[PDB]
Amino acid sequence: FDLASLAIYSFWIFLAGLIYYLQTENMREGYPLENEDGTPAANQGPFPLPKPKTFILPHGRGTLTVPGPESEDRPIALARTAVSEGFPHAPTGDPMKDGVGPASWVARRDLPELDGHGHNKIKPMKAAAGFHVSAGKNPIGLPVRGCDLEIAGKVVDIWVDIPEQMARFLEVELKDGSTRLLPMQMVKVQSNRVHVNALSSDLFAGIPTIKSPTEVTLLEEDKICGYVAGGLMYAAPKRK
């Protein structure tokens, strides 16, 4: 039993404790596990729930303590398809409008994300003094085309992440005069158009609207992005 053996044995003991620690740290969200009816599950696993920690959020936004009582804080328009557990829950209405499945959105705070100085992180370029397109194709003015190869509108502005100097949304003007935001990660900027494969032209108007023309809240971002991503599954019939 030399020093090397003692070292490799000590390390494996240390590693087991590290894993136990890492796994509990990754249980501060979504636990305790629930049954499909919302009640707590009997089998919660061999790892206990971690003890609460507290983050102090900047800009007087309060404090978050995790773990804590969980809540969706929104209705879920789904229904069981089987007595036993493990089967899909089927939408009871329009999943895109009800925000379920790939169209899901989380009930985040109805507030905009802020930068280090307390200003809105995301802003339309028309309201961002000094910002411009420096490389690539400028999409402003281009027609926006859906997966049905119809035009839904034209790009009128870009919403930029100012601290990161990055384009995050295209503001698209619809045929009826209003506008919507399109995630930058879900569009294709081409030479003569912007193509959105996730939605059909007649589904742009259904994108959730923002309540202020110069800012977007975390809740609105989740609703907008969820709706667009949900189009990949629920707008497939009109995809040419």
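Superpose the two forms; the largest set of C-alphas matching within 1.5 Å is the rigid core. All residue numbers refer to positions in the sequence shown, first residue = 1.
Asks: Taking C-alpha RMS after core alignment, which stretch differs more from the shown form in 9 other deposited structures of this protein: 24-32, or 167-175?
Replies: Once the cores are fitted, 24-32 deviates more in 9 other deposited structures of this protein.
Asks: Rigid core fitted first, then name the stretch among 110-118 and 70-78 whose C-alphas deviate most from the displayed form in 9 other deposited structures of this protein.
Replies: Comparing 70-78 with 110-118, the one that moves more in 9 other deposited structures of this protein is 70-78.
Asks: Quick check on the record: does 102-110 or 127-135 carry the larger mean Cα temperature factor?
Replies: Looking at the record's C-alpha B-factors, the answer is 127-135.
Asks: Highest mean C-alpha temperature factor of the two stretches 39-47 and 57-65, which is it?
Replies: So the stretch with the higher mean C-alpha B-factor is 39-47.
Asks: Going by the deposited entry, which of 96, 140, 90, 76 has the highest CA temperature factor?
Replies: Result of the comparison over 96, 140, 90, 76: 140.
Asks: Quick one: which of 192, 200, 185, 26 has the biggest Cα B-factor according to the entry?
Replies: Across 192, 200, 185, 26, the entry lists the biggest C-alpha B-factor for 192.
Asks: Please place residue 80 in the lowest, middle or highest third of its chain according to the CA B-factor in the PDB entry.
Replies: Highest third.
Asks: Sorting by Cα B-factor within the chain, modelled residues only, which third would residue 21 end up in: lowest, middle or highest?
Replies: Answer is lowest: the recorded C-alpha B-factor places it there.
Asks: Please place residue 32 in the lowest, middle or highest third of its chain according to the CA B-factor in the PDB entry.
Replies: Middle third.
Asks: Relative to the other modelled residues in the chain, which third contains the C-alpha temperature factor of residue 116: lowest, middle or highest?
Replies: Ranked within chain, residue 116 CA B lands in the middle tercile.
Asks: Can you work out whether the C-alpha temperature factor of residue 208 puts it in the lowest, middle or highest third of the chain?
Replies: Answer is lowest: the recorded C-alpha B-factor places it there.
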